[PDB]
Amino acid sequence: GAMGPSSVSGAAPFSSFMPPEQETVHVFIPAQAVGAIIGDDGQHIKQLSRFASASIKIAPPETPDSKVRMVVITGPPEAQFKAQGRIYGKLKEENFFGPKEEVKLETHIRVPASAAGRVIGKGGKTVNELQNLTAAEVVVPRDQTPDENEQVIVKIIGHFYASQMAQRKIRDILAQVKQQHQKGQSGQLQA
RNA sequence: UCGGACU
């Protein structure tokens, strides 16, 4: 509903719209915590957009899991690190579940189905390593349960410092797997 | 040494 005639035609058609084809993570916070993030004039979450340099979209009560709300963080690692830690710490400052409890969010990151059992380490090894030492609990889907685009989602349950280290290591191994797949023997023992 | 677990 923007009926702008646009009669002005400059040699430089400055397009004010931006396509968020950036790295998109989905992390959810309890519905009570959503009130703290969104509640501030209903724009503080949208402030995160420019602040974290990302396209911030908030989930309405659409999905049956509406006991929580999934936030759509579309942006580079800049936004991933900034927004994720920002909201994570925000749950702490808001004295919801911070002084008497540790904030435990679930970050969904994009992993290829062909590497689902790879990011979990050599048989749930990354879970043991990251949970015990880093306090980052990493969980994968049962076997894979893949999307047609061979997409699976792996969850990070922990704390800001842990989650960042975990998601970095996961994508670290992950990326190098796909590279090894391409620049190698694909996935067969022929020679 | 690239498998599958832990919820």
# chains A, B, ... in the order shown; residues from 1 in each chain; ligands from 1
call {"tool": "residues_around", "arguments": {"residues": "residue 6 in chain B", "least_positions_apart": "2", "cutoff": "12 Å", "atoms": "only C-alpha atoms (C1' of nucleotides)", "output": "list in words"}}
result
residues 120, 121, 123, 124, 125, 126, 127, 128, 131, 137, 138, 139, 140, 141, 142 and 155 of chain A; 4 of chain B
call {"tool": "residues_around", "arguments": {"residues": "residue 48 in chain A", "least_positions_apart": "5", "cutoff": "10 Å", "atoms": "only C-alpha atoms (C1' of nucleotides)", "output": "PyMOL selection string"}}
result
chain A and resi 37+43+53-57+73+79+82-83+86-87
call {"tool": "write_last_selection", "arguments": {"atoms": "N, CA and C atoms", "output": "mmCIF file, in the first residue's frame"}}
result
data_model
loop_
_atom_site.group_PDB
_atom_site.id
_atom_site.type_symbol
_atom_site.label_atom_id
_atom_site.label_comp_id
_atom_site.auth_asym_id
_atom_site.auth_seq_id
_atom_site.Cartn_x
_atom_site.Cartn_y
_atom_site.Cartn_z
ATOM 1 N N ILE A 37 11.767 -8.728 24.642
ATOM 2 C CA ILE A 37 12.464 -8.364 23.416
ATOM 3 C C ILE A 37 11.576 -7.506 22.514
ATOM 4 N N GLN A 43 9.142 -2.233 18.944
ATOM 5 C CA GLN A 43 10.101 -1.903 17.896
ATOM 6 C C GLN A 43 11.538 -2.235 18.288
ATOM 7 N N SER A 53 22.881 -5.643 12.257
ATOM 8 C CA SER A 53 23.086 -5.576 10.814
ATOM 9 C C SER A 53 22.479 -6.791 10.122
ATOM 10 N N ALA A 54 21.230 -7.076 10.459
ATOM 11 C CA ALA A 54 20.560 -8.257 9.952
ATOM 12 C C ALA A 54 19.095 -7.988 9.669
ATOM 13 N N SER A 55 18.480 -8.893 8.929
ATOM 14 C CA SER A 55 17.053 -8.846 8.697
ATOM 15 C C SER A 55 16.352 -9.632 9.799
ATOM 16 N N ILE A 56 15.788 -8.907 10.754
ATOM 17 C CA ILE A 56 15.160 -9.518 11.914
ATOM 18 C C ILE A 56 13.677 -9.760 11.663
ATOM 19 N N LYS A 57 13.274 -11.019 11.696
ATOM 20 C CA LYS A 57 11.863 -11.362 11.625
ATOM 21 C C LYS A 57 11.471 -12.168 12.851
ATOM 22 N N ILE A 73 17.045 -14.796 12.262
ATOM 23 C CA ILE A 73 18.217 -13.945 12.150
ATOM 24 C C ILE A 73 18.872 -14.152 10.796
ATOM 25 N N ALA A 79 26.018 -10.734 12.400
ATOM 26 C CA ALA A 79 24.692 -10.711 12.987
ATOM 27 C C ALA A 79 24.468 -11.932 13.859
ATOM 28 N N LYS A 82 26.359 -11.282 17.095
ATOM 29 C CA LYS A 82 25.872 -10.111 17.812
ATOM 30 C C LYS A 82 24.448 -10.309 18.328
ATOM 31 N N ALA A 83 23.535 -10.666 17.435
ATOM 32 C CA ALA A 83 22.127 -10.813 17.787
ATOM 33 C C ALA A 83 21.904 -11.982 18.742
ATOM 34 N N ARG A 86 23.233 -11.068 22.025
ATOM 35 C CA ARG A 86 22.491 -9.928 22.528
ATOM 36 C C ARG A 86 21.193 -10.387 23.187
ATOM 37 N N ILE A 87 20.444 -11.247 22.506
ATOM 38 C CA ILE A 87 19.185 -11.742 23.053
ATOM 39 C C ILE A 87 19.439 -12.722 24.191
#
call {"tool": "residues_around", "arguments": {"residues": "residue 2 in chain B", "least_positions_apart": "4", "cutoff": "10 Å", "atoms": "only C-alpha atoms (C1' of nucleotides)", "output": "PyMOL selection string"}}
result
chain A and resi 115+117-118+121-122+177+180-181+187
call {"tool": "write_last_selection", "arguments": {"atoms": "N, CA and C atoms", "output": "compact mmCIF listing (two decimals), in the first residue's frame"}}
result
# COMPACT_ATOMS: atom_id res chain seq x y z
N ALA A 115 26.00 -34.76 5.96
CA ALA A 115 27.03 -34.50 6.95
C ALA A 115 26.44 -34.38 8.35
N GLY A 117 25.66 -36.81 10.51
CA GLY A 117 26.41 -37.67 11.40
C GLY A 117 27.88 -37.30 11.47
N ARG A 118 28.27 -36.30 10.70
CA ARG A 118 29.65 -35.85 10.67
C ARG A 118 29.88 -34.73 11.67
N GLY A 121 30.39 -35.54 15.24
CA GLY A 121 31.64 -36.18 15.56
C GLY A 121 31.61 -37.65 15.23
N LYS A 122 32.65 -38.37 15.62
CA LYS A 122 32.72 -39.80 15.36
C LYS A 122 31.86 -40.57 16.36
N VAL A 177 34.17 -30.79 5.24
CA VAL A 177 33.63 -32.06 4.76
C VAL A 177 33.17 -31.94 3.31
N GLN A 180 36.12 -31.64 1.13
CA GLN A 180 36.73 -32.96 0.99
C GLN A 180 35.92 -33.85 0.04
N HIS A 181 34.60 -33.69 0.08
CA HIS A 181 33.70 -34.41 -0.81
C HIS A 181 33.97 -34.03 -2.26
N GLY A 187 32.97 -39.85 -2.42
CA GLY A 187 32.57 -40.58 -1.24
C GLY A 187 32.63 -42.08 -1.46
call {"tool": "select_by_dssp", "arguments": {"residues": "chain A", "states": "strand (DSSP E)", "output": "PyMOL selection string"}}
result
chain A and resi 24-30+55-58+68-74+106-112+137-139+151-157
call {"tool": "write_last_selection", "arguments": {"atoms": "N, CA and C atoms", "output": "short mmCIF file (atom, residue, chain, number, x, y, z; two decimals), in the first residue's frame"}}
result
data_model
loop_
_atom_site.label_atom_id
_atom_site.label_comp_id
_atom_site.auth_asym_id
_atom_site.auth_seq_id
_atom_site.Cartn_x
_atom_site.Cartn_y
_atom_site.Cartn_z
N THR A 24 20.91 -17.52 7.51
CA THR A 24 19.72 -17.45 8.33
C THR A 24 19.70 -18.53 9.41
N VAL A 25 19.76 -18.11 10.66
CA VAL A 25 19.62 -19.02 11.79
C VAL A 25 18.27 -18.83 12.46
N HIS A 26 17.74 -19.89 13.03
CA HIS A 26 16.47 -19.83 13.74
C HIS A 26 16.69 -20.22 15.19
N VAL A 27 16.53 -19.28 16.09
CA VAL A 27 16.69 -19.57 17.51
C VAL A 27 15.45 -19.14 18.26
N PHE A 28 15.04 -19.93 19.25
CA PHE A 28 13.80 -19.62 19.93
C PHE A 28 13.98 -19.30 21.39
N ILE A 29 13.17 -18.36 21.84
CA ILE A 29 13.12 -17.95 23.22
C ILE A 29 11.72 -18.21 23.77
N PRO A 30 11.60 -18.46 25.08
CA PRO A 30 10.30 -18.66 25.73
C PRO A 30 9.39 -17.45 25.52
N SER A 55 18.48 -8.89 8.93
CA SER A 55 17.05 -8.85 8.70
C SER A 55 16.35 -9.63 9.80
N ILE A 56 15.79 -8.91 10.75
CA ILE A 56 15.16 -9.52 11.91
C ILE A 56 13.68 -9.76 11.66
N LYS A 57 13.27 -11.02 11.70
CA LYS A 57 11.86 -11.36 11.63
C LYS A 57 11.47 -12.17 12.85
N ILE A 58 10.34 -11.83 13.44
CA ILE A 58 9.88 -12.51 14.64
C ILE A 58 8.67 -13.39 14.30
N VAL A 68 7.00 -21.08 22.56
CA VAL A 68 8.18 -20.28 22.28
C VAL A 68 8.00 -19.58 20.94
N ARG A 69 8.91 -18.70 20.61
CA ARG A 69 8.86 -17.99 19.33
C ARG A 69 10.21 -18.10 18.64
N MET A 70 10.19 -18.49 17.37
CA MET A 70 11.43 -18.59 16.60
C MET A 70 11.79 -17.23 16.01
N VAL A 71 13.02 -16.81 16.23
CA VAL A 71 13.49 -15.58 15.62
C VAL A 71 14.31 -15.90 14.38
N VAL A 72 14.03 -15.17 13.31
CA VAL A 72 14.71 -15.36 12.05
C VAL A 72 15.85 -14.36 11.91
N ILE A 73 17.05 -14.80 12.26
CA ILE A 73 18.22 -13.95 12.15
C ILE A 73 18.87 -14.15 10.80
N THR A 74 18.56 -13.27 9.86
CA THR A 74 19.14 -13.34 8.54
C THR A 74 20.28 -12.34 8.40
N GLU A 106 17.78 -22.61 22.04
CA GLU A 106 18.07 -23.59 21.02
C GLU A 106 18.31 -22.88 19.69
N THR A 107 19.57 -22.85 19.27
CA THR A 107 19.94 -22.28 17.99
C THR A 107 19.92 -23.35 16.91
N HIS A 108 19.15 -23.10 15.86
CA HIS A 108 19.09 -24.01 14.72
C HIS A 108 20.02 -23.52 13.63
N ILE A 109 20.99 -24.34 13.25
CA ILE A 109 21.90 -23.99 12.17
C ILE A 109 21.76 -24.97 11.02
N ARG A 110 22.11 -24.51 9.82
CA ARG A 110 21.91 -25.28 8.60
C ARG A 110 23.05 -26.26 8.38
N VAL A 111 22.72 -27.54 8.33
CA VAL A 111 23.69 -28.58 8.05
C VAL A 111 23.14 -29.49 6.94
N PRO A 112 24.00 -29.88 6.01
CA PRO A 112 23.64 -30.84 4.97
C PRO A 112 23.39 -32.22 5.56
N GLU A 137 25.77 -28.05 24.50
CA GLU A 137 25.11 -29.32 24.25
C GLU A 137 24.61 -29.36 22.80
N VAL A 138 25.22 -30.22 21.99
CA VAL A 138 24.89 -30.31 20.58
C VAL A 138 24.04 -31.54 20.29
N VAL A 139 22.91 -31.33 19.62
CA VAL A 139 21.99 -32.42 19.33
C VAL A 139 21.63 -32.43 17.85
N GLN A 151 18.84 -30.99 3.58
CA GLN A 151 19.03 -30.07 4.69
C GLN A 151 18.53 -30.70 5.99
N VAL A 152 19.36 -30.62 7.01
CA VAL A 152 18.98 -31.03 8.35
C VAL A 152 19.34 -29.92 9.31
N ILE A 153 18.72 -29.92 10.47
CA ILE A 153 18.99 -28.89 11.46
C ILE A 153 19.57 -29.50 12.72
N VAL A 154 20.65 -28.91 13.19
CA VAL A 154 21.27 -29.36 14.42
C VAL A 154 21.18 -28.26 15.46
N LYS A 155 20.92 -28.66 16.70
CA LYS A 155 20.57 -27.71 17.75
C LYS A 155 21.74 -27.48 18.69
N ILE A 156 21.87 -26.25 19.16
CA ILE A 156 22.90 -25.91 20.13
C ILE A 156 22.25 -25.40 21.41
N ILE A 157 22.37 -26.18 22.47
CA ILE A 157 21.81 -25.81 23.76
C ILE A 157 22.95 -25.51 24.73
#
call {"tool": "atom_distance", "arguments": {"atom1": "CA of residue 161 in chain A", "atom2": "CA of residue 85 in chain A"}}
result
8.2 Å
call {"tool": "atom_distance", "arguments": {"atom1": "CA of residue 34 in chain A", "atom2": "CA of residue 100 in chain A"}}
result
19.0 Å
call {"tool": "select_by_dssp", "arguments": {"residues": "chain A", "states": "alpha helix (DSSP H)", "output": "VMD selection string"}}
result
chain A and resid 31 to 39 44 to 51 77 to 93 116 to 119 125 to 129 160 to 182
